Structure formats: C-alpha cells, structure tokens
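Listed next as structure tokens is one chain, alone, in the form deposited without N-acetyl-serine (SAC).
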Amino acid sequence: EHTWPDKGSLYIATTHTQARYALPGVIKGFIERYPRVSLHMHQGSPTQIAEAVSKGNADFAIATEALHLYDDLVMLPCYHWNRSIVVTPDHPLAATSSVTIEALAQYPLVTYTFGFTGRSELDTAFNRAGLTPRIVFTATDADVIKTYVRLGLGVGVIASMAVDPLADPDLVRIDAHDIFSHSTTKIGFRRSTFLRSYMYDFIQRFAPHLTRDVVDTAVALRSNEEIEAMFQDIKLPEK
C-alpha cells in the first residue's frame, strides 16, 4: 500500500561497494515504505563490520564472504558478483582479443585495498597461476580507482556493478568472470536479534530468495555452512 507505521531502528554495517552500488535503490524503496524506522548505515572494514554487529550496535552486516570472521553470526547468501577489467582504449589489453590472467599480470594493477571487496579472489587467482601481480594502486572506492586508471597509472580491476559505460564512457570494460572466481555478498546478524517485520522486508528486498520462512529456517540451522547449502540447488542473483 502506502506506508508502514512500524517504528524501530535498523543499523547496517557494510562496505563502500555495497553502500555505493548495491544499496541505494533498496534503501530508497525501504525509506518511503518504512517511514518511522530510523535507518543507520556505517561503512567499515570487514573486521569492523563483523565487530559492529557482533559486539557493537549494528543489526545487519552486509559484506562479501570473509572466512571464519562472521563465524558467530547468522550469514545468508544474497547474490554472486565478479570483476571487470577497466583500461583506456589505447591499452594493449583493449586490443587483445581474449585476455587471460597471464596477459593481465604483465601490467601494473589498480584495484581494491587488501582484504576488501573480494581482493582475496584476485590474489588467490594469481597465486594459483603462480603469478605475482604488480599492484601499484589500492583503494576502497571504484571511483578513484577509475580516476587513476585514466591517468595511465595502470589496469583497473573493479566490481562489474561498479562500472557503467553510461557514466564512464571513456573507459573499456573487460569481463573477468572466467578469470576470477565469483564473490558472494552475504547478509548477517546476531542470533539474539529479534527480527522485526521491516527487517524481513529489507532482507527479502535485498535478497528475494530470503523470504521470512527461509530466513527462519536458516536461523534454526545454527550453521552458516548448512544455510549456504540450502540454496545449492538454485541459481542465486548475479550482480
């Protein structure tokens, strides 16, 4: 209908990438739908994020899957995403017909800060291929990464959701989905958290397969591993 009168607060701890490219539409929709809920969002490192909902006052952790770190939280898979290579049109990569990771490792890289927004998968891929990449520029934000790629500092590696040809018309995007293993964005919370109906609403808005029932089943499992296995038959959203 119109709006809910529900009343309460919703504290989110998340990353730049989620805050910037994944959440604004969800949050806009939620804000008009749930007028009397005080929404809070604090960008943090994956460590800070886990700490914030684990020890602090965040209700929800929204971040890409990071080891046994969200271990004592209820973690739910929301969507899969991967990386795009960003270069200038005059870059040797732009000419190259199919670009591999040995071709990519030839160049200085401009990408995410270590342990952020799935850097691990980039590192792991290089380790696996026995290659040592020259990472010269590092940041939390795809925007400045793009800025420095356009100055010729090197080859950008960002999240594909952080690119758009409409808003970055002077760049060349190369999909690296066959180059890196995909990353999974997860939503998480403390088990002791009483899940308000707006909390269910929000979760399902951000992750449609996560209906109230499914969420309730997941908390009943008491393993994040079993929770992820719940969905191994279905194709999760790709972003």
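Between two forms, the rigid core is the largest collection of C-alphas that superpose within 1.5 Å. Shifts are known only where both forms have a C-alpha. Residues carry their position along the shown sequence, with the first being 1.
K.L.:
So which stretch wins on mean C-alpha B-factor, 87-95 or 155-163?
P.N.:
Looking at the recorded C-alpha B-factors, 87-95 comes out higher on average.
K.L.:
Mean C-alpha B factor from the entry: is it higher for 68-76 or for 142-150?
P.N.:
Comparing 68-76 with 142-150, the higher mean C-alpha B-factor belongs to 68-76.
K.L.:
Please work out which residue in 43, 185, 57, 204 has the highest C-alpha B-factor recorded for this crystal structure.
P.N.:
Max CA B-factor in the entry, restricted to 43, 185, 57, 204: 57.
K.L.:
Comparing against every modelled residue in the chain, figure out the third that the C-alpha B-factor of residue 209 lands in (lowest, middle or highest).
P.N.:
Its C-alpha B-factor, which the entry lists for residue 209, ranks in the lowest third among residues of this chain.
K.L.:
Residue 190: which third of its chain by C-alpha temperature factor?
P.N.:
It belongs to the middle third of the chain when residues are ordered by C-alpha B-factor.
K.L.:
Using the B-factors in the PDB entry, rank residue 30's C-alpha atom against the chain and give the third, lowest, middle or highest.
P.N.:
Its C-alpha B-factor belongs to the middle third of this chain's values.
K.L.:
Among the modelled residues of its chain, does the C-alpha B-factor of residue 179 lie in the lowest, middle or highest third?
P.N.:
According to the entry, residue 179 has a C-alpha B-factor in the chain's middle third.
K.L.:
By the recorded C-alpha temperature factor, relative to the other modelled residues in its chain, which third is residue 81 in?
P.N.:
Within its chain, residue 81 is a lowest-third residue by C-alpha B-factor, going by the deposited values.
The protein also exists as the form deposited with N-acetyl-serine (SAC) bound; that form is not presented, and the subsequent description refers to it.
K.L.:
So which of 147, 140, 88, 106 gets a non-hydrogen atom within 4.5 Å of N-acetyl-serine (SAC) in the entry with it bound?
P.N.:
The residue in contact is 140.
K.L.:
So which of 147-155, 96-104, 111-119, 126-134 is the stretch with heavy atoms within 4.5 Å of N-acetyl-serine (SAC) in the entry with it bound?
P.N.:
Among the listed stretches, the partner-contacting one is 111-119.
K.L.:
Going by a heavy atom distance of 4.5 Å, is residue 189 a contact of N-acetyl-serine (SAC) in the entry with it bound?
P.N.:
Flag for residue 189 set to no.
K.L.:
Quick one: is residue 60 in contact with N-acetyl-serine (SAC) in the entry with it bound, heavy atoms, 4.5 Å cut-off?
P.N.:
Taking the distances in the entry with it bound, the answer for residue 60 is no, it never comes within 4.5 Å of N-acetyl-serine (SAC).
K.L.:
Since only the chain is shown here, I'm wondering whether residue 22 would be in contact with N-acetyl-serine (SAC) in the entry with it bound (any heavy atom pair within 4.5 Å).
P.N.:
Answer yes; at least one heavy atom of residue 22 falls within 4.5 Å of N-acetyl-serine (SAC) in the entry with it bound.
K.L.:
Please tell me whether any heavy atom belonging to residue 206 falls inside 4.5 Å of a heavy atom of N-acetyl-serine (SAC), as the geometry stands in the entry with it bound.
P.N.:
Taking the distances in the entry with it bound, the answer for residue 206 is yes, it comes within 4.5 Å of N-acetyl-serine (SAC).
K.L.:
Within 4.5 Å of N-acetyl-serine (SAC) in the entry with it bound, which residues of 2-24 have a heavy atom? Give them in sequence order, or say none.
P.N.:
Contacting residues: 15, 16, 17, 18, 21, 22.
K.L.:
Give the option from 187, 53, 179, 66 whose C-alpha shifts by 2 Å or more between the shown form and the other one; the alignment is on the rigid core.
P.N.:
Single hit from the list, 66.
K.L.:
Residue 11 and residue 67: their C-alpha distance differs by 3 angstroms or more in the entry with it bound. Do they come closer or move farther apart compared with the shown form?
P.N.:
Residues converge in the entry with it bound, at least 3 Å closer.
K.L.:
So the CA-CA distance for residue 128 and residue 67 moves by at least 3 angstroms in the entry with it bound. Closer or farther than here?
P.N.:
Here the pair is closer than in the entry with it bound; there, farther apart.
K.L.:
Sticking with residues common to both forms, list the runs of three or more in a row where every CA moves 2 angstroms or more between the shown form and the other one, core superposed.
P.N.:
When the rigid core is held fixed, residues 65-68 make up the only run that shifts.
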